[PDB]
Amino acid sequence: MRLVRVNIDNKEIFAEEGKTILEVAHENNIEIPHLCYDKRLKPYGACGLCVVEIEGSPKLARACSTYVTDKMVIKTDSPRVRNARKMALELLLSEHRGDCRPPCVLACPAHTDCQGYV
Amino acid sequence: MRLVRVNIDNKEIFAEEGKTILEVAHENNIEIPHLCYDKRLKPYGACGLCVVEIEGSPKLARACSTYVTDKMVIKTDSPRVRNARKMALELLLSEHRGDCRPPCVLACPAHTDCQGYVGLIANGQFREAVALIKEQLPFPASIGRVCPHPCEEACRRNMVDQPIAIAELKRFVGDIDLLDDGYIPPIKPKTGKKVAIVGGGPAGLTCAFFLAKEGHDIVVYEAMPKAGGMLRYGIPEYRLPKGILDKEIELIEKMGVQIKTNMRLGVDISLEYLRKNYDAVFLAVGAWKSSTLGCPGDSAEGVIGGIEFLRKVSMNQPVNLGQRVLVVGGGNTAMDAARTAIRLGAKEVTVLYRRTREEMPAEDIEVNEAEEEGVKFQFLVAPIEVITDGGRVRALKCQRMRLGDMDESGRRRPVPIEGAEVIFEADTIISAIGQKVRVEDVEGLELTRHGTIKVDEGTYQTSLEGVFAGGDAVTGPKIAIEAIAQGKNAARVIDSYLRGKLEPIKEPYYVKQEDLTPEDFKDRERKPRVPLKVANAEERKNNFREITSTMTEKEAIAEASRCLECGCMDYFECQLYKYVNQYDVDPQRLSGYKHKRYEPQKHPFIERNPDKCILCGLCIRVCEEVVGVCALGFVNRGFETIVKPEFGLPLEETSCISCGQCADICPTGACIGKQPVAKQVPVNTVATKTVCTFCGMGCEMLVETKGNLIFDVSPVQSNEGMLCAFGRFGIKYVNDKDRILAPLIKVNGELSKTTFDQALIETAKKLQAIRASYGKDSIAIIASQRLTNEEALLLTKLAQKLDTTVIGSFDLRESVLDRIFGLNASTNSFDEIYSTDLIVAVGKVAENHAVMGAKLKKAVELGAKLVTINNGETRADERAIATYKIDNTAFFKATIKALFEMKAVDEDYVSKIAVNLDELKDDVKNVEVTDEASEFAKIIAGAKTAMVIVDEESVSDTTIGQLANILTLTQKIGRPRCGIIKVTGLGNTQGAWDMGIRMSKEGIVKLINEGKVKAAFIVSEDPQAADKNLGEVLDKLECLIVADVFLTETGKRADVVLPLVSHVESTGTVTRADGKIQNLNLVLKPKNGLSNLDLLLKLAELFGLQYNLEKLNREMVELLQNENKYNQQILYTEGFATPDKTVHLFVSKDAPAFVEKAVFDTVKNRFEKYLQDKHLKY
Amino acid sequence: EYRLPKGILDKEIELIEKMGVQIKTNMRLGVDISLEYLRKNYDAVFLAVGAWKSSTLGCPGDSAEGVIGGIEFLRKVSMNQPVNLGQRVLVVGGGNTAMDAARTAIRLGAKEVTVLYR
Ligand SMILES: Cc1cc2nc3c(=O)[nH]c(=O)nc-3n(C[C@H](O)[C@H](O)[C@H](O)COP(=O)(O)OP(=O)(O)OC[C@H]3O[C@@H](n4cnc5c(N)ncnc54)[C@H](O)[C@@H]3O)c2cc1C
Ligand code: SF4
Ligand code: SF4
Ligand code: SF4
Ligand code: SF4
Ligand code: SF4
Ligand code: SF4
Ligand code: FES
Ligand code: FES
């Protein structure tokens, strides 16, 4: 078929027209964070973790809803993108209540999974 | 994406919009025939084989050009489609002239690849010849000793002088194999099935062989003390020694076949037990009951059957042979009995035959040998009575007869003559008029009218279910190769039955040439056949020693070289043969006028046969669309259409660059690439992927080998799927007979062969003596840039241990990119070429690297803009928007000045990223801006992205510096699709530079001429051949150590010569011109047992260095990481490699833009000289 | 090497190793291993260290650059290590070491080798 040419993280990729940046990067083993995406569902654009830097666009684009076009240059780990993802994650952690690990595991110097084996 | 839904052959498929039916079916493993299709080319629609039935379309649609739409229903094997494909194939076969298989193979009952193993013998591949014989015949030596060889009667060399000694060559290779451990084919994993063969003769042992090849558990039941059948008990020792038979039966037993001798069916074991405890039963009991004289008195004391007598003699059991022996019959049994009786001391042996001499069933050579040994013959007589005196034979009353009229035979029936009767005195009569299947062997089975087992043809199954039969038990007495053919076919059918899918044997369709007559071979040189050594009759008639001798290796090769190679060279890859065998074609109905336009050609690499052309156009389309040379075309029109080079000229005289793409794309052997071997032979090869080492493009290839010889090279299907003349045809040096395999050291002033240890010790001592007597940096290590990264790194470590920094290459170009950007490397990758806005190709980019020319053609077709800068014409000028013919660097300087005049240089950014900007402005301020320079500057400034492709083997370093300046000024470096790519002149130029081999020819020669360097260790370079002025420079050296694949002119003046192996015998890593690292995989084991890395590692262990391939690879990866050049498709994305991380702009005086230099690599220089001698281009 | 090739020596040492003897090379006594450890963990200890220290010239200036012991020089040549051997070599002595050093210096490219004996 007709193939678009993209540059994701300094790697030249020949993708197929009609895919999103998330799908193209998944195919080429490039990790882009995402929390509200699902291949069975229409895009939602809520979490804001999949933002990538596209050369020529002043605003970061959601990789889950942006489609790859011909002669595209994409950065997925630039300092702007990392800062945006860190800010989104901090906002998410602000409204979070939980124990990732129980206090018993954290009090063990060797971090033995006390809860797990109990 | 959006997916279309299709139904191809009742299977629902979710495909992608924009694909054709061919691609969708290929992805879903659905086979649609195609002959004129290629993924790199636009559709052509000529062959009409890919037609499919689409529901809703009354007309069949070509799958190669029809696109899949939503809710489509496609049939690819409906009767309409099959009929259309069969008709197209029959039409294609109507034009075809060729031999799919040679007449020798078709005349063999077992269809042994006579041509294949004869050609392998002519190439010295005796083990491969035996392995190829054993695909159809498990007993080469035995059968080659005793075979009437109809293949030689059908041989086409009969039309020239004398047929090939096919049987003798088979005997030769069989004996060679039996010298050492014999060849055993690979055995499939155990299948859990059990087959019982009754009878260890040729047919039973063949069935056991070919069923043990399939993994089944085989038990053979033999009534005799030993296996072998009539090969042991019928054929006498002087014609087939039993040691060879024993060795071959041991070979069969070594495959897991268990032979239970002295186990007769119906006495020791029953058929019903075999049916109960075995999955299949094969019966190969032969015809072991002899025919009686059929006259009164044929039961006296002194009458014996021919095969019973021969079996008694074979077992060394006593025989009451008198002094007057009458052998009745005219077959092989009669001749063997008569000659054995002669050798057993009988004073008179007479052979009585019913018919005439000129129609004897026996071979003429056997009858002639019997006549020489003293056997007498009587013809046209038949026995009517046996005169017995006291119960013992006294004489035989025979009826004289005459050839009366026709018969069921059809030739002539012998009938009695009345009144004529003759009495022959005889102490013994041997009845040898034929053998019949024993009734007791075939108990419980339905037989024919001759007593043989009745089987269904094609399946070999008897009346009983699960019980098969073959051989002399089924067909009656024949020759042994017929029994072997029956056993092999029965093994195939039995394997199918064990899989539960009983299939009869299907005869393939072969294209043949029945119109050939001797005048078609009148131009061939006549060569005598190998003479057959025959023991003297007088001495041989007294003993049971072998009569004939095996030929010698010289005679074997000379005899195999006589073959005319009648079979098609494309048989194992022809798509037309495969398709006409997939569809039941009857091409004799559409048979008429057929062209015969084939003419022999002198081209060393490509052979074209118009008579095998299906006019798919693929060769033309690939030369025009992919290569871009466009050397082929259509000539004439209609039925007269032919494919010809330009103006019908020979391929050498056209613009052809000998890339071989036409021969690689051809479906039906009308365009083939010649094998780099001594004699052409169509063989089934094994392909290994490796990397071409002849330039920096790093094209991958599949080397197809058979044994220790390379037979073909195929490009991989990656990008343009192209190789050039080098990568496709220069691998011929691997098979060269002039390769040195043992080291040479100078004794008595001349180079003589020695051992590796002695040569390496001599090398180490010579280098150490030079270092001692002359000090530091007195030894130069000049290495070829085709070595792997590990070998280059090890050579740098060897220079470190030898206390010398003078390590470089004579092919090494002066470096300027490390002074400007920091690393002497390409900035971007090859893939980005397809996506850049503008391409600037400098130098002979397409000429020196044809695949890069194809890549530029593809990139311009994809939407790029091409600018070519060169001093002469190039093939890339066709699609260039701007073509500049310059001879001086000033053209770039003016360009730079022009770039400043149009305010196209953002000096604010350049001042932060680059230094020497004011010096650059001062340097270019006084130059004159030309119209060409201003137009180039306009093109450069108007492009968003730009990549400069530079041919570093035809471009000076000043040009590269100025192009780097232009790229830096316009901010076209360190970004995707913007940069500079240097296509290096050899395979691992970049890797050699990275590993520390960074000295040029000029520096090394300057050191030698100043007396500072006194010894040279030269690794696979040819300074003496590639240059005439260096012969004086090499005169200043006191010690010369040369490592090379060939003994060259520079190696003939060396003190020590160390052999090197080819790159297909080496494993390692090579760095592409764009910086990518690829793996050199091992295709062939090294021919002297030592790889290049192994030899260098022995020389290193002589110096106290401990390394291996893995340690050197780890060091290489560390080195690349330390330079920030590891796994980086784009360089200087963060900053440049200069100490201040800034661009050091190139300021220098004007210099010539392009250079012409020789190739110092030995192999590439040799191949270039070979191409020049044959007047070829590349 | 021209008087005793080292392949023969290697073969004979391999023969000795094939008899159950284990050879721990690069294990110097007093540096890598101690005598007391040998006494502790072995029933018997045999010392066959040889005489591996050469005799100096015993004259003023015998520590300059260009003076080397005979066996040190021969060990350097045997190990294929660089030796700063000029063009005028003076071998002092008259024993086995003197003759071997003189002939090795001849084979190493020295244009003048002289042997001085008391
Ligand atoms: C005298 C003579 C000379 C020949 N010369 C030539 C020649 O020069 N060139 C040539 O090409 N061919 C020659 N042939 C032909 C060739 O030898 C036979 O065609 C070939 O051996 C056929 O093999 P087969 O397996 O069909 O039968 P055979 O090998 O005859 O029989 C196979 C085995 O079955 C065994 N057997 C029989 N009955 C039983 C039973 N009840 N239970 C168990 N095992 C049993 C037998 O012992 C024998 O070992 C010759 C044959 C003869 C007799
Ligand atoms: S080109 Fe193909 S079909 Fe024609 S003779 Fe050769 S193998 Fe047979
Ligand atoms: S010349 Fe060679 S290929 Fe042709 S029939 Fe004879 S053996 Fe076969
Ligand atoms: S087995 Fe006989 S017929 Fe077959 S190739 Fe060999 S010699 Fe020819
Ligand atoms: S070898 Fe290459 S250039 Fe020559 S005709 Fe064939 S495809 Fe064209
Ligand atoms: S020679 Fe060319 S046109 Fe003819 S079959 Fe081969 S590829 Fe097709
Ligand atoms: S272009 Fe270079 S790498 Fe490719 S096949 Fe030709 S010589 Fe080999
Ligand atoms: S995955 Fe959540 S915004 Fe894209
Ligand atoms: S017509 Fe489609 S492959 Fe030939």
# chains A, B, ... in the order shown; residues from 1 in each chain; ligands from 1

$ interface_residues --of "chain B" --to "chain C" --cutoff "8 Å" --atoms "only C-alpha atoms" --output "number ranges by chain"
B: 764-766, 768-775, 801-803, 1102-1104

$ select_by_dssp --residues "segment 55-113 of chain B" --states "strand (DSSP E or B)" --output "list in words"
residues 61, 62, 67, 72, 73, 74 and 75 of chain B

$ write_last_selection --atoms "N, CA and C atoms" --output "PDB file, in the first residue's frame"
ATOM      1  N   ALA B  61     -10.309 -12.030 -12.785  1.00  0.00           N
ATOM      2  CA  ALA B  61      -9.512 -10.859 -12.465  1.00  0.00           C
ATOM      3  C   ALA B  61      -8.095 -11.264 -12.094  1.00  0.00           C
ATOM      4  N   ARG B  62      -7.125 -10.494 -12.575  1.00  0.00           N
ATOM      5  CA  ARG B  62      -5.731 -10.729 -12.229  1.00  0.00           C
ATOM      6  C   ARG B  62      -5.486 -10.325 -10.785  1.00  0.00           C
ATOM      7  N   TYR B  67      -7.339  -4.791  -6.675  1.00  0.00           N
ATOM      8  CA  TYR B  67      -7.281  -4.419  -5.271  1.00  0.00           C
ATOM      9  C   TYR B  67      -8.467  -4.995  -4.516  1.00  0.00           C
ATOM     10  N   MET B  72     -15.717  -8.790  -0.248  1.00  0.00           N
ATOM     11  CA  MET B  72     -15.313  -9.442  -1.484  1.00  0.00           C
ATOM     12  C   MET B  72     -15.264 -10.948  -1.273  1.00  0.00           C
ATOM     13  N   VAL B  73     -15.707 -11.701  -2.274  1.00  0.00           N
ATOM     14  CA  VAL B  73     -15.628 -13.156  -2.256  1.00  0.00           C
ATOM     15  C   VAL B  73     -14.764 -13.588  -3.432  1.00  0.00           C
ATOM     16  N   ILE B  74     -13.669 -14.284  -3.138  1.00  0.00           N
ATOM     17  CA  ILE B  74     -12.677 -14.655  -4.139  1.00  0.00           C
ATOM     18  C   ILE B  74     -12.470 -16.161  -4.096  1.00  0.00           C
ATOM     19  N   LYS B  75     -12.462 -16.790  -5.266  1.00  0.00           N
ATOM     20  CA  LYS B  75     -12.059 -18.181  -5.423  1.00  0.00           C
ATOM     21  C   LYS B  75     -10.775 -18.223  -6.238  1.00  0.00           C
TER      22      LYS B  75
END

$ interface_residues --of "chain A" --to "chain B" --cutoff "9 Å" --atoms "only C-alpha atoms" --output "ChimeraX atom specification"
/A:1-2,5-7,10-13,16-20,70-71,73

$ residues_near_ligand --ligand "ligand 4" --cutoff "10 Å" --atoms "only C-alpha atoms and all ligand atoms" --output "ChimeraX atom specification"
/B:104-115,117,133,136-137,139-155,165-171,479-482,484-485

$ residues_around --residues "residue 36 of chain A" --least-positions-apart "6" --cutoff "12 Å" --atoms "only C-alpha atoms" --output "PyMOL selection string"
chain A and resi 42-50+62-65

$ write_last_selection --atoms "N, CA and C atoms" --output "short mmCIF file (atom, residue, chain, number, x, y, z; two decimals), in the first residue's frame"
data_model
loop_
_atom_site.label_atom_id
_atom_site.label_comp_id
_atom_site.auth_asym_id
_atom_site.auth_seq_id
_atom_site.Cartn_x
_atom_site.Cartn_y
_atom_site.Cartn_z
N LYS A 42 -12.91 4.17 21.07
CA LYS A 42 -12.56 5.43 20.47
C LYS A 42 -11.66 6.22 21.41
N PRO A 43 -10.78 7.07 20.88
CA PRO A 43 -9.86 7.82 21.75
C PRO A 43 -10.61 8.75 22.69
N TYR A 44 -10.00 9.00 23.84
CA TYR A 44 -10.58 9.75 24.94
C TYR A 44 -9.77 10.97 25.33
N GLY A 45 -8.45 10.89 25.25
CA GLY A 45 -7.59 12.05 25.46
C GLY A 45 -7.66 12.66 26.85
N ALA A 46 -7.83 11.83 27.87
CA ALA A 46 -8.00 12.32 29.23
C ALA A 46 -6.70 12.38 30.01
N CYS A 47 -5.95 11.28 30.07
CA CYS A 47 -4.79 11.21 30.95
C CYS A 47 -3.71 12.19 30.54
N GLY A 48 -3.48 12.35 29.24
CA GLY A 48 -2.42 13.23 28.78
C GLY A 48 -1.02 12.70 28.98
N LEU A 49 -0.85 11.38 29.07
CA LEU A 49 0.47 10.79 29.23
C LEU A 49 1.14 10.49 27.90
N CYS A 50 0.37 10.28 26.84
CA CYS A 50 0.89 9.88 25.55
C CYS A 50 1.38 11.05 24.72
N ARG A 62 -1.28 14.29 21.43
CA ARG A 62 -1.56 12.99 22.01
C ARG A 62 -1.32 11.90 20.98
N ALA A 63 -0.41 10.98 21.30
CA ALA A 63 -0.07 9.91 20.37
C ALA A 63 -1.22 8.94 20.15
N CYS A 64 -2.17 8.87 21.08
CA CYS A 64 -3.30 7.95 20.96
C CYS A 64 -4.34 8.42 19.96
N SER A 65 -4.39 9.72 19.66
CA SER A 65 -5.40 10.27 18.78
C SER A 65 -4.84 10.98 17.56
#

$ select_by_dssp --residues "segment 43-100 of chain C" --states "alpha helix (DSSP H)" --output "PyMOL selection string"
chain C and resi 70-78+96-100

$ write_last_selection --atoms "N, CA and C atoms" --output "short mmCIF file (atom, residue, chain, number, x, y, z; two decimals), in the first residue's frame"
data_model
loop_
_atom_site.label_atom_id
_atom_site.label_comp_id
_atom_site.auth_asym_id
_atom_site.auth_seq_id
_atom_site.Cartn_x
_atom_site.Cartn_y
_atom_site.Cartn_z
N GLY C 70 71.94 -11.16 31.15
CA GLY C 70 71.88 -12.13 30.07
C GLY C 70 70.58 -12.91 30.06
N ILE C 71 70.18 -13.42 31.23
CA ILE C 71 68.97 -14.22 31.26
C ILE C 71 67.73 -13.35 31.20
N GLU C 72 67.79 -12.11 31.70
CA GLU C 72 66.68 -11.19 31.52
C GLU C 72 66.47 -10.87 30.04
N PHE C 73 67.56 -10.63 29.32
CA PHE C 73 67.48 -10.39 27.88
C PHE C 73 66.95 -11.61 27.15
N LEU C 74 67.43 -12.80 27.51
CA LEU C 74 66.96 -14.02 26.85
C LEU C 74 65.50 -14.30 27.16
N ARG C 75 65.06 -13.99 28.38
CA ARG C 75 63.65 -14.15 28.73
C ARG C 75 62.78 -13.16 27.97
N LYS C 76 63.27 -11.94 27.79
CA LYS C 76 62.53 -10.97 26.99
C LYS C 76 62.40 -11.44 25.55
N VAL C 77 63.47 -11.98 24.98
CA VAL C 77 63.42 -12.45 23.59
C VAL C 77 62.52 -13.67 23.47
N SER C 78 62.56 -14.57 24.45
CA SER C 78 61.72 -15.76 24.41
C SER C 78 60.24 -15.40 24.49
N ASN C 96 77.17 -20.51 29.10
CA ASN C 96 76.02 -20.80 28.25
C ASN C 96 75.23 -19.54 27.95
N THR C 97 74.99 -18.72 28.97
CA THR C 97 74.21 -17.50 28.79
C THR C 97 74.90 -16.54 27.84
N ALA C 98 76.23 -16.42 27.93
CA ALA C 98 76.95 -15.51 27.05
C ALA C 98 76.82 -15.93 25.60
N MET C 99 77.02 -17.22 25.31
CA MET C 99 76.92 -17.69 23.93
C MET C 99 75.50 -17.55 23.40
N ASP C 100 74.51 -17.93 24.21
CA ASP C 100 73.13 -17.82 23.76
C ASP C 100 72.75 -16.36 23.50
#

$ residues_near_ligand --ligand "ligand 6" --cutoff "12 Å" --atoms "only C-alpha atoms and all ligand atoms" --output "VMD selection string"
chain B and resid 34 to 38 44 46 to 47 92 95 to 96 570 574 to 576 598 606 to 623 631 to 635 641 to 645 660 to 673

$ residues_around --residues "residue 102 of chain C" --least-positions-apart "5" --cutoff "9 Å" --atoms "only C-alpha atoms" --output "PDB file with N, CA and C atoms, in the first residue's frame"
ATOM      1  N   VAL C  89      76.878  -4.661  20.339  1.00  0.00           N
ATOM      2  CA  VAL C  89      76.522  -5.418  21.530  1.00  0.00           C
ATOM      3  C   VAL C  89      77.792  -6.006  22.119  1.00  0.00           C
ATOM      4  N   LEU C  90      77.966  -5.837  23.425  1.00  0.00           N
ATOM      5  CA  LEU C  90      79.078  -6.426  24.160  1.00  0.00           C
ATOM      6  C   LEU C  90      78.506  -7.418  25.158  1.00  0.00           C
ATOM      7  N   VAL C  91      78.753  -8.702  24.942  1.00  0.00           N
ATOM      8  CA  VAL C  91      78.316  -9.741  25.865  1.00  0.00           C
ATOM      9  C   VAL C  91      79.487 -10.073  26.777  1.00  0.00           C
ATOM     10  N   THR C  97      74.992 -18.717  28.972  1.00  0.00           N
ATOM     11  CA  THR C  97      74.213 -17.499  28.792  1.00  0.00           C
ATOM     12  C   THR C  97      74.902 -16.537  27.837  1.00  0.00           C
ATOM     13  N   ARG C 107      71.072 -12.879  15.691  1.00  0.00           N
ATOM     14  CA  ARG C 107      69.829 -13.167  14.987  1.00  0.00           C
ATOM     15  C   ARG C 107      68.809 -12.044  15.112  1.00  0.00           C
ATOM     16  N   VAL C 113      78.531  -8.060  17.271  1.00  0.00           N
ATOM     17  CA  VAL C 113      78.421  -8.687  18.580  1.00  0.00           C
ATOM     18  C   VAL C 113      79.804  -9.163  18.992  1.00  0.00           C
ATOM     19  N   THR C 114      80.250  -8.732  20.166  1.00  0.00           N
ATOM     20  CA  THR C 114      81.549  -9.105  20.701  1.00  0.00           C
ATOM     21  C   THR C 114      81.367  -9.719  22.080  1.00  0.00           C
ATOM     22  N   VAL C 115      82.100 -10.796  22.340  1.00  0.00           N
ATOM     23  CA  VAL C 115      82.056 -11.500  23.616  1.00  0.00           C
ATOM     24  C   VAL C 115      83.360 -11.237  24.350  1.00  0.00           C
TER      25      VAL C 115
END

$ atom_distance --atom1 "atom CA of residue 693 of chain B" --atom2 "atom 8 (Fe, counted along the ligand's line) of ligand 7"
5.9 Å

$ residues_near_ligand --ligand "ligand 7" --cutoff "6 Å" --atoms "only C-alpha atoms and all ligand atoms" --output "PyMOL selection string"
chain B and resi 692-699+723-724+726-727+849-851

$ write_last_selection --atoms "C-alpha atoms" --output "PDB file, in the first residue's frame"
ATOM      1  CA  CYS B 692      29.036  -8.172   0.653  1.00  0.00           C
ATOM      2  CA  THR B 693      32.403  -6.697   1.617  1.00  0.00           C
ATOM      3  CA  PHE B 694      33.314  -4.933  -1.626  1.00  0.00           C
ATOM      4  CA  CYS B 695      31.985  -1.462  -0.808  1.00  0.00           C
ATOM      5  CA  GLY B 696      30.393   0.411   2.052  1.00  0.00           C
ATOM      6  CA  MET B 697      26.778   0.005   0.963  1.00  0.00           C
ATOM      7  CA  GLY B 698      26.758  -3.260   2.915  1.00  0.00           C
ATOM      8  CA  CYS B 699      24.346  -5.121   0.661  1.00  0.00           C
ATOM      9  CA  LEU B 723      23.370  -6.371  -5.873  1.00  0.00           C
ATOM     10  CA  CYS B 724      25.977  -5.036  -8.271  1.00  0.00           C
ATOM     11  CA  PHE B 726      30.847  -7.204  -7.333  1.00  0.00           C
ATOM     12  CA  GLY B 727      28.357  -8.519  -4.789  1.00  0.00           C
ATOM     13  CA  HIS B 849      28.044   1.799  -6.076  1.00  0.00           C
ATOM     14  CA  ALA B 850      25.224   0.726  -8.390  1.00  0.00           C
ATOM     15  CA  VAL B 851      22.839  -0.050  -5.525  1.00  0.00           C
TER      16      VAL B 851
END

$ closest_residue --among "B:552, B:654, B:1079, B:543" --to "ligand 5" --atoms "only C-alpha atoms and all ligand atoms"
B:654

$ residues_around --residues "residue 1178 of chain B" --least-positions-apart "3" --cutoff "10 Å" --atoms "only C-alpha atoms" --output "PyMOL selection string"
chain B and resi 655-659+724-726+846-850+1168+1171-1172

$ write_last_selection --atoms "N, CA, C and O atoms" --output "compact mmCIF listing (two decimals), in the first residue's frame"
# COMPACT_ATOMS: atom_id res chain seq x y z
N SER B 655 25.21 -0.94 -22.43
CA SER B 655 25.42 -0.21 -21.19
C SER B 655 25.22 -1.08 -19.96
O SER B 655 25.19 -0.55 -18.84
N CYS B 656 25.08 -2.39 -20.14
CA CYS B 656 24.85 -3.30 -19.03
C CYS B 656 25.99 -3.22 -18.02
O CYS B 656 27.16 -3.15 -18.39
N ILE B 657 25.63 -3.23 -16.74
CA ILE B 657 26.60 -3.13 -15.66
C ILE B 657 26.79 -4.47 -14.95
O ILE B 657 27.39 -4.51 -13.87
N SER B 658 26.28 -5.55 -15.53
CA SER B 658 26.53 -6.92 -15.06
C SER B 658 26.09 -7.13 -13.62
O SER B 658 26.71 -7.90 -12.88
N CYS B 659 25.01 -6.47 -13.20
CA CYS B 659 24.53 -6.63 -11.84
C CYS B 659 23.86 -7.98 -11.63
O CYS B 659 23.81 -8.47 -10.49
N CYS B 724 25.26 -5.49 -7.09
CA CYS B 724 25.98 -5.04 -8.27
C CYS B 724 26.84 -6.18 -8.80
O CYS B 724 26.73 -7.32 -8.36
N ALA B 725 27.69 -5.87 -9.78
CA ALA B 725 28.55 -6.90 -10.35
C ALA B 725 29.45 -7.52 -9.29
O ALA B 725 29.67 -8.73 -9.28
N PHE B 726 29.98 -6.69 -8.39
CA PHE B 726 30.85 -7.20 -7.33
C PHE B 726 30.10 -8.17 -6.43
O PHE B 726 30.40 -9.36 -6.40
N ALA B 846 26.72 6.57 -8.33
CA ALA B 846 26.04 5.45 -8.98
C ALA B 846 27.01 4.53 -9.70
O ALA B 846 26.76 3.32 -9.79
N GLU B 847 28.10 5.07 -10.25
CA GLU B 847 29.04 4.25 -10.99
C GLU B 847 29.80 3.30 -10.07
O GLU B 847 29.90 2.10 -10.34
N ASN B 848 30.33 3.82 -8.96
CA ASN B 848 31.10 2.99 -8.05
C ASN B 848 30.21 2.10 -7.19
O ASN B 848 30.64 1.02 -6.78
N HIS B 849 28.98 2.54 -6.92
CA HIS B 849 28.04 1.80 -6.08
C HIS B 849 26.69 1.81 -6.79
O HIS B 849 25.91 2.75 -6.63
N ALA B 850 26.43 0.76 -7.56
CA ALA B 850 25.22 0.73 -8.39
C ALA B 850 23.95 0.68 -7.55
O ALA B 850 22.93 1.24 -7.95
N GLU B 1168 38.32 -6.31 -10.38
CA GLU B 1168 38.25 -5.18 -11.29
C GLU B 1168 39.12 -5.40 -12.52
O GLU B 1168 38.71 -5.08 -13.64
N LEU B 1171 37.24 -7.81 -14.74
CA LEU B 1171 36.17 -7.14 -15.48
C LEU B 1171 36.73 -6.32 -16.63
O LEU B 1171 36.16 -6.29 -17.72
N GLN B 1172 37.85 -5.63 -16.40
CA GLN B 1172 38.49 -4.87 -17.47
C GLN B 1172 38.95 -5.78 -18.60
O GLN B 1172 38.81 -5.44 -19.78

$ residues_around --residues "segment 205-214 of chain B" --least-positions-apart "2" --cutoff "10 Å" --atoms "only C-alpha atoms" --output "MDAnalysis selection string"
chainID B and resid 134:139 184:191 194:203 216:220 227:229 249 251:253 255:259 282:284 470 483:492 494:495

$ closest_residue --among "A:40, A:34, A:101, A:85" --to "ligand 8" --atoms "only C-alpha atoms and all ligand atoms"
A:34

$ atom_distance --atom1 "atom CA of residue 1081 of chain B" --atom2 "atom CA of residue 729 of chain B"
18.6 Å

$ closest_residue --among "A:107, A:52, A:30, A:3" --to "ligand 8" --atoms "only C-alpha atoms and all ligand atoms"
A:52

$ residues_around --residues "residue 750 of chain B" --least-positions-apart "4" --cutoff "9 Å" --atoms "only C-alpha atoms" --output "list in words"
residues 745, 746 and 1055 of chain B

$ write_last_selection --atoms "N, CA, C and O atoms" --output "PDB file, in the first residue's frame"
ATOM      1  N   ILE B 745      57.706 -19.688   3.659  1.00  0.00           N
ATOM      2  CA  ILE B 745      58.850 -18.990   4.230  1.00  0.00           C
ATOM      3  C   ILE B 745      60.023 -19.145   3.277  1.00  0.00           C
ATOM      4  O   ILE B 745      60.086 -20.096   2.496  1.00  0.00           O
ATOM      5  N   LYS B 746      60.955 -18.204   3.340  1.00  0.00           N
ATOM      6  CA  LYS B 746      62.061 -18.152   2.392  1.00  0.00           C
ATOM      7  C   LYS B 746      63.182 -19.064   2.872  1.00  0.00           C
ATOM      8  O   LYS B 746      63.889 -18.743   3.830  1.00  0.00           O
ATOM      9  N   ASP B1055      59.085 -12.047   2.928  1.00  0.00           N
ATOM     10  CA  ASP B1055      59.839 -13.061   3.656  1.00  0.00           C
ATOM     11  C   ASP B1055      58.931 -14.189   4.126  1.00  0.00           C
ATOM     12  O   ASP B1055      59.296 -15.365   4.033  1.00  0.00           O
TER      13      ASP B1055
END

$ atom_distance --atom1 "atom CA of residue 57 of chain B" --atom2 "atom CA of residue 69 of chain B"
12.9 Å
